[PDB]
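Only one chain is shown below, in structure tokens, and it's the form deposited in one PDB entry.
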């Protein structure tokens, strides 16, 4: 059936709450079948005092995984990739187990250890160590491989950035092009996403953007401006730059069937259980809301930015919410409430 009306007063309260919890700024845009809802509060740059707005560009962090998944699924449509073939079939000698398949990597069922647990054991120090570094995909995979796998191939869900570093490597090996080229040709251009970019390893965010503020691990610590970094530690797992409008366009296009064949979209929605209210497909999350509606999209975390980008099953309603801080669980939990207000409406 259809959805209740979005609750703008509920969205305003969520944003206000997130500010009280430490986010310098927060904003949300809902594309409700052609009627826009847009709210923002707080600052884009806490030093100059410039107010954040829904048109500000930002780092979408892990939402990038959905972009990588779309490219891979289109490669399946073109007959260049088989989801059930071994990763090692395409990238000889990369992984220690030939049984790890592309499907397992896409759904975080590979058992590959997440190298970011080593990199960011200490938040700020970890950020200062990698912010200006450039890594090859192999460098990151090697970091992961210093540890054993955490489970047998396909046995269970374990979120790992390594899986989407592998995805980047696959895209480049099969196409002979950089992932930037593939994103642009396959998604940015066709959808006319004019606020979306993949500029790795450039550290500048093109145009008007919200700055990101990393919260230190110690309570009461001063925020660190984490805006400009290479994001080389994430690449195909987390380096896309976009806007609320473009992510709403992207997820609405994905769910409505415009980005791949119906068969691959169905594959993308084969859910692995994450917890009682969430599933993971192939680079896509499913969140079950209190009113008994499920939404599909992806969350993103990267230093200084928390993103929620979700759409209804048919793509007719899409929401993108952004708080310009990270490493602040209160803010992360409060921002998730945007989904309840946007999709479930007034209580």
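Numbering follows the first chain given and starts at 1.
In what follows, reference is made to the form solved in complex with a small molecule, a form of this protein that is not presented.
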| query | finding |
| --- | --- |
| Listed residue (183, 271, 120, 135) with a non-hydrogen atom within 4.5 angstroms of the small molecule in the deposited complex | 120 |
| The single option of 70, 52, 302, 321 touching the small molecule in the deposited complex, heavy atom within 4.5 Å | 302 |
| 4.5 Å heavy atom contact, residue 161 to the small molecule in the deposited complex | yes |
| Contact test in the deposited complex: residue 283 vs the small molecule, heavy atoms, 4.5 Å | no |
| Exercise: residue 327 in contact with the small molecule in the deposited complex, heavy atom 4.5 Å | yes |
| The small molecule contact at residue 233 in the deposited complex, heavy atom, 4.5 Å | yes |
| Segment that reaches the small molecule in the deposited complex - one of 313 to 321, 41 to 49, 28 to 36, 294 to 302, heavy atoms within 4.5 Å | 294 to 302 |
